[PDB]
>>> print(open('protein_5.pdb').read())   # PDB, N, CA, C and O atoms
ATOM      1  N   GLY U   1      -1.971  22.846  -1.384
ATOM      2  CA  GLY U   1      -1.898  21.842  -2.471
ATOM      3  C   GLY U   1      -1.367  20.501  -2.029
ATOM      4  O   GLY U   1      -0.867  20.355  -0.911
ATOM      5  N   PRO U   2      -1.474  19.509  -2.907
ATOM      6  CA  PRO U   2      -1.051  18.157  -2.542
ATOM      7  C   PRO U   2       0.456  17.985  -2.605
ATOM      8  O   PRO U   2       1.154  18.618  -3.402
ATOM      9  N   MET U   3       0.951  17.086  -1.764
ATOM     10  CA  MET U   3       2.289  16.577  -1.977
ATOM     11  C   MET U   3       2.337  15.936  -3.354
ATOM     12  O   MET U   3       1.346  15.383  -3.834
ATOM     13  N   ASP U   4       3.489  16.018  -4.008
ATOM     14  CA  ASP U   4       3.535  15.669  -5.422
ATOM     15  C   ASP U   4       2.989  14.272  -5.692
ATOM     16  O   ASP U   4       3.421  13.294  -5.086
ATOM     17  N   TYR U   5       2.091  14.180  -6.673
ATOM     18  CA  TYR U   5       1.463  12.909  -7.016
ATOM     19  C   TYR U   5       2.458  11.900  -7.584
ATOM     20  O   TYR U   5       2.362  10.697  -7.306
ATOM     21  N   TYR U   6       3.394  12.347  -8.415
ATOM     22  CA  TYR U   6       4.318  11.390  -9.010
ATOM     23  C   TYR U   6       5.182  10.753  -7.929
ATOM     24  O   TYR U   6       5.335   9.528  -7.871
ATOM     25  N   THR U   7       5.758  11.582  -7.062
ATOM     26  CA  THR U   7       6.613  11.083  -5.995
ATOM     27  C   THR U   7       5.847  10.133  -5.091
ATOM     28  O   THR U   7       6.382   9.099  -4.668
ATOM     29  N   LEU U   8       4.586  10.454  -4.799
ATOM     30  CA  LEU U   8       3.789   9.597  -3.932
ATOM     31  C   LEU U   8       3.659   8.198  -4.517
ATOM     32  O   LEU U   8       3.750   7.200  -3.792
ATOM     33  N   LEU U   9       3.446   8.110  -5.827
ATOM     34  CA  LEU U   9       3.291   6.831  -6.501
ATOM     35  C   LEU U   9       4.630   6.193  -6.851
ATOM     36  O   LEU U   9       4.643   5.081  -7.386
ATOM     37  N   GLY U  10       5.746   6.878  -6.613
ATOM     38  CA  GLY U  10       7.051   6.304  -6.893
ATOM     39  C   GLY U  10       7.396   6.254  -8.363
ATOM     40  O   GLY U  10       8.195   5.400  -8.782
ATOM     41  N   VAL U  11       6.799   7.134  -9.161
ATOM     42  CA  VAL U  11       7.028   7.166 -10.594
ATOM     43  C   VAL U  11       7.629   8.507 -10.968
ATOM     44  O   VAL U  11       7.534   9.492 -10.232
ATOM     45  N   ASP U  12       8.200   8.537 -12.162
ATOM     46  CA  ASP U  12       8.763   9.732 -12.757
ATOM     47  C   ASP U  12       7.724  10.434 -13.613
ATOM     48  O   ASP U  12       6.773   9.831 -14.101
ATOM     49  N   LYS U  13       7.951  11.725 -13.834
ATOM     50  CA  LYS U  13       6.947  12.563 -14.467
ATOM     51  C   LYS U  13       6.608  12.129 -15.886
ATOM     52  O   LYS U  13       5.500  12.419 -16.346
ATOM     53  N   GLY U  14       7.505  11.430 -16.581
ATOM     54  CA  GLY U  14       7.214  11.010 -17.941
ATOM     55  C   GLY U  14       6.704   9.591 -18.109
ATOM     56  O   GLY U  14       6.700   9.044 -19.216
ATOM     57  N   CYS U  15       6.223   8.998 -17.030
ATOM     58  CA  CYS U  15       5.793   7.611 -17.109
ATOM     59  C   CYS U  15       4.495   7.471 -17.901
ATOM     60  O   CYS U  15       3.769   8.435 -18.151
ATOM     61  N   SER U  16       4.200   6.236 -18.292
ATOM     62  CA  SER U  16       3.008   5.949 -19.067
ATOM     63  C   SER U  16       1.793   5.707 -18.169
ATOM     64  O   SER U  16       1.899   5.520 -16.960
ATOM     65  N   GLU U  17       0.615   5.677 -18.787
ATOM     66  CA  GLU U  17      -0.589   5.368 -18.023
ATOM     67  C   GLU U  17      -0.524   3.965 -17.417
ATOM     68  O   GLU U  17      -1.050   3.739 -16.323
ATOM     69  N   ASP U  18       0.152   3.022 -18.077
ATOM     70  CA  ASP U  18       0.254   1.675 -17.523
ATOM     71  C   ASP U  18       1.230   1.649 -16.348
ATOM     72  O   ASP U  18       1.044   0.882 -15.391
ATOM     73  N   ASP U  19       2.301   2.456 -16.425
ATOM     74  CA  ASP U  19       3.186   2.634 -15.280
ATOM     75  C   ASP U  19       2.423   3.184 -14.080
ATOM     76  O   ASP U  19       2.657   2.767 -12.939
ATOM     77  N   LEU U  20       1.551   4.170 -14.318
ATOM     78  CA  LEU U  20       0.763   4.758 -13.247
ATOM     79  C   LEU U  20      -0.143   3.720 -12.620
ATOM     80  O   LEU U  20      -0.257   3.651 -11.398
ATOM     81  N   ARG U  21      -0.780   2.890 -13.444
ATOM     82  CA  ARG U  21      -1.666   1.862 -12.913
ATOM     83  C   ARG U  21      -0.888   0.845 -12.083
ATOM     84  O   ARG U  21      -1.344   0.448 -11.011
ATOM     85  N   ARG U  22       0.288   0.411 -12.559
ATOM     86  CA  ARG U  22       1.080  -0.561 -11.806
ATOM     87  C   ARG U  22       1.481   0.001 -10.446
ATOM     88  O   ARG U  22       1.453  -0.705  -9.431
ATOM     89  N   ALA U  23       1.870   1.275 -10.409
ATOM     90  CA  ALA U  23       2.276   1.902  -9.158
ATOM     91  C   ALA U  23       1.089   2.078  -8.220
ATOM     92  O   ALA U  23       1.200   1.816  -7.016
ATOM     93  N   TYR U  24      -0.056   2.504  -8.765
ATOM     94  CA  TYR U  24      -1.287   2.614  -7.990
ATOM     95  C   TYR U  24      -1.661   1.282  -7.358
ATOM     96  O   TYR U  24      -1.949   1.213  -6.158
ATOM     97  N   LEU U  25      -1.623   0.200  -8.135
ATOM     98  CA  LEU U  25      -2.020  -1.089  -7.588
ATOM     99  C   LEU U  25      -1.089  -1.519  -6.464
ATOM    100  O   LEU U  25      -1.539  -2.066  -5.454
ATOM    101  N   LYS U  26       0.215  -1.340  -6.653
ATOM    102  CA  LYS U  26       1.186  -1.749  -5.645
ATOM    103  C   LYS U  26       0.972  -0.993  -4.342
ATOM    104  O   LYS U  26       0.950  -1.586  -3.252
ATOM    105  N   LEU U  27       0.822   0.325  -4.432
ATOM    106  CA  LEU U  27       0.733   1.142  -3.231
ATOM    107  C   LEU U  27      -0.652   1.069  -2.609
ATOM    108  O   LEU U  27      -0.772   1.032  -1.384
ATOM    109  N   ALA U  28      -1.705   1.010  -3.426
ATOM    110  CA  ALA U  28      -3.047   0.848  -2.880
ATOM    111  C   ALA U  28      -3.175  -0.472  -2.133
ATOM    112  O   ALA U  28      -3.855  -0.536  -1.109
ATOM    113  N   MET U  29      -2.524  -1.535  -2.625
ATOM    114  CA  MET U  29      -2.549  -2.809  -1.908
ATOM    115  C   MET U  29      -1.798  -2.711  -0.589
ATOM    116  O   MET U  29      -2.221  -3.313   0.397
ATOM    117  N   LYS U  30      -0.699  -1.943  -0.540
ATOM    118  CA  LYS U  30       0.040  -1.787   0.712
ATOM    119  C   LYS U  30      -0.827  -1.141   1.787
ATOM    120  O   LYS U  30      -0.763  -1.524   2.960
ATOM    121  N   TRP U  31      -1.654  -0.170   1.403
ATOM    122  CA  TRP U  31      -2.430   0.631   2.337
ATOM    123  C   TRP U  31      -3.905   0.298   2.286
ATOM    124  O   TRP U  31      -4.732   1.078   2.763
ATOM    125  N   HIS U  32      -4.243  -0.868   1.781
ATOM    126  CA  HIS U  32      -5.632  -1.179   1.539
ATOM    127  C   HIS U  32      -6.402  -1.244   2.857
ATOM    128  O   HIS U  32      -5.910  -1.800   3.845
ATOM    129  N   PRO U  33      -7.618  -0.694   2.890
ATOM    130  CA  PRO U  33      -8.371  -0.715   4.148
ATOM    131  C   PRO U  33      -8.603  -2.112   4.680
ATOM    132  O   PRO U  33      -8.635  -2.283   5.899
ATOM    133  N   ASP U  34      -8.699  -3.131   3.818
ATOM    134  CA  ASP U  34      -8.942  -4.489   4.301
ATOM    135  C   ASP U  34      -7.741  -5.098   5.014
ATOM    136  O   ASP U  34      -7.894  -6.121   5.694
ATOM    137  N   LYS U  35      -6.567  -4.485   4.895
ATOM    138  CA  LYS U  35      -5.398  -4.920   5.639
ATOM    139  C   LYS U  35      -5.259  -4.218   6.977
ATOM    140  O   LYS U  35      -4.598  -4.760   7.870
ATOM    141  N   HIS U  36      -5.846  -3.025   7.134
ATOM    142  CA  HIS U  36      -5.549  -2.158   8.268
ATOM    143  C   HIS U  36      -6.731  -1.940   9.199
ATOM    144  O   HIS U  36      -6.592  -1.259  10.221
ATOM    145  N   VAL U  37      -7.889  -2.509   8.878
ATOM    146  CA  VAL U  37      -9.137  -2.185   9.563
ATOM    147  C   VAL U  37      -9.087  -2.457  11.062
ATOM    148  O   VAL U  37      -9.766  -1.772  11.835
ATOM    149  N   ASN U  38      -8.307  -3.444  11.503
ATOM    150  CA  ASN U  38      -8.218  -3.799  12.911
ATOM    151  C   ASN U  38      -6.854  -3.464  13.501
ATOM    152  O   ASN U  38      -6.524  -3.930  14.586
ATOM    153  N   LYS U  39      -6.061  -2.646  12.818
ATOM    154  CA  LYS U  39      -4.735  -2.276  13.295
ATOM    155  C   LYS U  39      -4.685  -0.801  13.668
ATOM    156  O   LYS U  39      -5.529  -0.014  13.243
ATOM    157  N   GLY U  40      -3.662  -0.432  14.455
ATOM    158  CA  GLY U  40      -3.410   0.968  14.772
ATOM    159  C   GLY U  40      -2.992   1.794  13.577
ATOM    160  O   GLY U  40      -3.024   3.025  13.639
ATOM    161  N   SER U  41      -2.598   1.139  12.495
ATOM    162  CA  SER U  41      -2.297   1.815  11.243
ATOM    163  C   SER U  41      -3.541   2.167  10.426
ATOM    164  O   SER U  41      -3.404   2.679   9.314
ATOM    165  N   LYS U  42      -4.745   1.935  10.946
ATOM    166  CA  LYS U  42      -5.952   2.267  10.196
ATOM    167  C   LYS U  42      -5.937   3.716   9.714
ATOM    168  O   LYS U  42      -6.236   3.990   8.549
ATOM    169  N   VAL U  43      -5.634   4.666  10.608
ATOM    170  CA  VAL U  43      -5.679   6.086  10.243
ATOM    171  C   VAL U  43      -4.589   6.435   9.229
ATOM    172  O   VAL U  43      -4.857   7.117   8.232
ATOM    173  N   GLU U  44      -3.346   6.004   9.483
ATOM    174  CA  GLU U  44      -2.258   6.223   8.537
ATOM    175  C   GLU U  44      -2.644   5.705   7.164
ATOM    176  O   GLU U  44      -2.441   6.376   6.145
ATOM    177  N   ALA U  45      -3.140   4.467   7.123
ATOM    178  CA  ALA U  45      -3.459   3.848   5.852
ATOM    179  C   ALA U  45      -4.620   4.546   5.168
ATOM    180  O   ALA U  45      -4.618   4.678   3.943
ATOM    181  N   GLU U  46      -5.641   4.951   5.932
ATOM    182  CA  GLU U  46      -6.758   5.658   5.322
ATOM    183  C   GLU U  46      -6.264   6.897   4.590
ATOM    184  O   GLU U  46      -6.646   7.159   3.443
ATOM    185  N   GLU U  47      -5.387   7.664   5.231
ATOM    186  CA  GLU U  47      -4.874   8.875   4.592
ATOM    187  C   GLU U  47      -4.011   8.538   3.378
ATOM    188  O   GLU U  47      -4.167   9.137   2.307
ATOM    189  N   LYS U  48      -3.134   7.550   3.507
ATOM    190  CA  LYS U  48      -2.267   7.197   2.391
ATOM    191  C   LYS U  48      -3.063   6.625   1.232
ATOM    192  O   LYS U  48      -2.826   6.990   0.079
ATOM    193  N   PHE U  49      -3.999   5.716   1.508
ATOM    194  CA  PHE U  49      -4.873   5.173   0.471
ATOM    195  C   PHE U  49      -5.642   6.282  -0.243
ATOM    196  O   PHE U  49      -5.734   6.300  -1.477
ATOM    197  N   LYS U  50      -6.197   7.220   0.520
ATOM    198  CA  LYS U  50      -6.913   8.336  -0.087
ATOM    199  C   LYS U  50      -6.001   9.114  -1.020
ATOM    200  O   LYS U  50      -6.386   9.478  -2.138
ATOM    201  N   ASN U  51      -4.796   9.420  -0.559
ATOM    202  CA  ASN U  51      -3.914  10.226  -1.386
ATOM    203  C   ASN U  51      -3.436   9.473  -2.612
ATOM    204  O   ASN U  51      -3.258  10.080  -3.670
ATOM    205  N   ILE U  52      -3.223   8.165  -2.487
ATOM    206  CA  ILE U  52      -2.848   7.346  -3.632
ATOM    207  C   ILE U  52      -3.963   7.344  -4.662
ATOM    208  O   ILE U  52      -3.716   7.444  -5.868
ATOM    209  N   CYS U  53      -5.210   7.174  -4.211
ATOM    210  CA  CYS U  53      -6.325   7.186  -5.150
ATOM    211  C   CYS U  53      -6.469   8.550  -5.811
ATOM    212  O   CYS U  53      -6.789   8.641  -7.002
ATOM    213  N   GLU U  54      -6.261   9.626  -5.045
ATOM    214  CA  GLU U  54      -6.353  10.969  -5.610
ATOM    215  C   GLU U  54      -5.270  11.184  -6.656
ATOM    216  O   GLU U  54      -5.539  11.711  -7.746
ATOM    217  N   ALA U  55      -4.039  10.764  -6.349
ATOM    218  CA  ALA U  55      -2.942  10.910  -7.297
ATOM    219  C   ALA U  55      -3.233  10.151  -8.579
ATOM    220  O   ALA U  55      -3.064  10.677  -9.681
ATOM    221  N   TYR U  56      -3.692   8.907  -8.458
ATOM    222  CA  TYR U  56      -4.010   8.147  -9.655
ATOM    223  C   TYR U  56      -5.181   8.758 -10.424
ATOM    224  O   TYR U  56      -5.175   8.764 -11.664
ATOM    225  N   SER U  57      -6.179   9.306  -9.716
ATOM    226  CA  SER U  57      -7.360   9.837 -10.391
ATOM    227  C   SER U  57      -7.003  11.037 -11.251
ATOM    228  O   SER U  57      -7.599  11.248 -12.312
ATOM    229  N   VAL U  58      -6.018  11.818 -10.814
ATOM    230  CA  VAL U  58      -5.578  12.981 -11.570
ATOM    231  C   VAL U  58      -4.633  12.562 -12.684
ATOM    232  O   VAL U  58      -4.857  12.880 -13.858
ATOM    233  N   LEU U  59      -3.593  11.797 -12.338
ATOM    234  CA  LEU U  59      -2.559  11.490 -13.316
ATOM    235  C   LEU U  59      -3.032  10.519 -14.388
ATOM    236  O   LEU U  59      -2.516  10.556 -15.506
ATOM    237  N   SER U  60      -4.005   9.667 -14.091
ATOM    238  CA  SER U  60      -4.483   8.729 -15.100
ATOM    239  C   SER U  60      -5.366   9.391 -16.146
ATOM    240  O   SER U  60      -5.587   8.785 -17.188
ATOM    241  N   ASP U  61      -5.809  10.626 -15.918
ATOM    242  CA  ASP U  61      -6.678  11.364 -16.826
ATOM    243  C   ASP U  61      -5.783  12.265 -17.661
ATOM    244  O   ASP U  61      -5.077  13.120 -17.120
ATOM    245  N   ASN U  62      -5.802  12.074 -18.975
ATOM    246  CA  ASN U  62      -4.783  12.712 -19.799
ATOM    247  C   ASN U  62      -4.821  14.228 -19.666
ATOM    248  O   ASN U  62      -3.771  14.877 -19.578
ATOM    249  N   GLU U  63      -6.014  14.813 -19.632
ATOM    250  CA  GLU U  63      -6.095  16.266 -19.578
ATOM    251  C   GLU U  63      -5.762  16.787 -18.185
ATOM    252  O   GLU U  63      -5.037  17.780 -18.045
ATOM    253  N   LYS U  64      -6.256  16.116 -17.142
ATOM    254  CA  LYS U  64      -5.934  16.556 -15.794
ATOM    255  C   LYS U  64      -4.448  16.400 -15.509
ATOM    256  O   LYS U  64      -3.873  17.198 -14.766
ATOM    257  N   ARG U  65      -3.811  15.390 -16.094
ATOM    258  CA  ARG U  65      -2.383  15.212 -15.895
ATOM    259  C   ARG U  65      -1.604  16.377 -16.483
ATOM    260  O   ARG U  65      -0.693  16.919 -15.849
ATOM    261  N   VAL U  66      -1.940  16.774 -17.705
ATOM    262  CA  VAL U  66      -1.209  17.871 -18.328
ATOM    263  C   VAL U  66      -1.428  19.163 -17.557
ATOM    264  O   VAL U  66      -0.516  20.000 -17.437
ATOM    265  N   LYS U  67      -2.613  19.342 -16.994
ATOM    266  CA  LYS U  67      -2.872  20.536 -16.207
ATOM    267  C   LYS U  67      -2.052  20.529 -14.922
ATOM    268  O   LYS U  67      -1.467  21.553 -14.545
ATOM    269  N   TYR U  68      -1.979  19.372 -14.257
ATOM    270  CA  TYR U  68      -1.126  19.213 -13.089
ATOM    271  C   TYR U  68       0.332  19.507 -13.407
ATOM    272  O   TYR U  68       1.049  20.081 -12.576
ATOM    273  N   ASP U  69       0.795  19.106 -14.597
ATOM    274  CA  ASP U  69       2.191  19.300 -14.957
ATOM    275  C   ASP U  69       2.550  20.768 -15.213
ATOM    276  O   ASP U  69       3.740  21.095 -15.233
ATOM    277  N   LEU U  70       1.572  21.636 -15.478
ATOM    278  CA  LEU U  70       1.812  23.060 -15.708
ATOM    279  C   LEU U  70       2.348  23.786 -14.476
ATOM    280  O   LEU U  70       2.749  24.954 -14.595
TER     281      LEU U  70
END
>>> encode(input="protein_5.pdb", output="structure tokens")
Amino acid sequence: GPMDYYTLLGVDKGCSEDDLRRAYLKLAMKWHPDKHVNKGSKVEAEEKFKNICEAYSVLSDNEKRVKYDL
């Protein structure tokens, strides 16, 4: 299973959908492929960006979020 999605995004389990979006934008920008494409951090960032997008894709969906919380 995944490392916890909330912790990855730096949010608490009871945060709002807008909190999730703000955290996603901040962290996705940190690891954005357009920043890392010519650096040795390309691989690190690819993995982190992927996991950030996965965390947001689950937690931003009301039903998938409640299922994750079970």
>>> closest_residue(input="protein_5.pdb", among="U:36, U:68, U:56, U:44", to="residue 10 of chain U", atoms="only C-alpha atoms")
U:56
>>> residues_around(input="protein_5.pdb", residues="residue 24 of chain U", least_positions_apart="4", cutoff="8 Å", atoms="all atoms listed in the file", output="number ranges by chain")
U: 8-10, 17-20, 28-31, 49, 52-53, 55-56
>>> closest_residue(input="protein_5.pdb", among="U:23, U:70, U:59, U:41", to="residue 11 of chain U", atoms="only N, CA, C and O atoms")
U:23
>>> atom_distance(input="protein_5.pdb", atom1="atom O of residue 12 of chain U", atom2="atom N of residue 45 of chain U")
24.0 Å
>>> closest_residue(input="protein_5.pdb", among="U:22, U:47, U:42, U:54", to="residue 5 of chain U", atoms="only N, CA, C and O atoms")
U:54
>>> select_by_dssp(input="protein_5.pdb", residues="chain U", states="alpha helix (DSSP H)", output="ChimeraX atom specification")
/U:5-9,17-30,33-36,42-59,62-69
>>> atom_distance(input="protein_5.pdb", atom1="atom O of residue 40 of chain U", atom2="atom CA of residue 27 of chain U")
17.4 Å
>>> atom_distance(input="protein_5.pdb", atom1="atom CA of residue 65 of chain U", atom2="atom CA of residue 34 of chain U")
29.0 Å
